[PDB]
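Note sheet for the following structure.
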Amino acid sequence: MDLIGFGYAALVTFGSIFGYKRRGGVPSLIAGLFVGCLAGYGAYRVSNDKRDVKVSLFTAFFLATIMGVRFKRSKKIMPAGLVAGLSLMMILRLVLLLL
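Counted the way the authors' numbering counts, the sequence shown spans residues 1 to 99.
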């Protein structure tokens, strides 16, 4: 008759969260890479309407509204990364603009 049981699931959950990348938001740079991660990870098969920067902005706006980049209480911390990301994206792509 196992005793622990929970402990196992406990540590499991611990390593689970720890492992999985963090959500972020507070930072900006991280918010940028993220937005870009979606831009790509998505673009993978995002194909359909043949978008381009639509995802960039649309995203920045999405995540923005998600976290709270929009007009709110903050010292330009949480936000910035969002938009800054959208740009770093359209640019990170405009670089090759071949794919």
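Built from N, CA and C at the ideal position, the CB exists for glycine as well.
To which residues of the same chain is residue i closer than 7 angstroms at the C-beta, ignoring the five residues directly before and after it?
{"i": "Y20", "result": "none"}
{"i": "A60", "result": "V35, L82, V83, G85, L86"}
{"i": "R70", "result": "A64"}
Hey, could you find the ends of the alpha helix (DSSP H) residue i is sitting in?
{"i": "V12", "result": "6-19"}
Would you please state the rounded distance, in angstroms, between the beta carbons of residue i and residue j? I believe it to be under 8 angstroms.
{"i": "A31", "j": "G68", "result": "Not a contact, Cβ separation roughly 12 angstroms."}
{"i": "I77", "j": "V26", "result": "6 angstroms"}
Is the CB of residue i under 8 angstroms away from at least one CB in chain D?
{"i": "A84", "result": "In summary, chain D is missing from the structure at hand, where a single protein chain is found."}
**Q.** Start-end ranges of the alpha helix (DSSP H) lying completely within the segment 32-86, minimum 4 residues
**A.** Runs of the alpha helix (DSSP H) inside the segment 32-86: 54-67.
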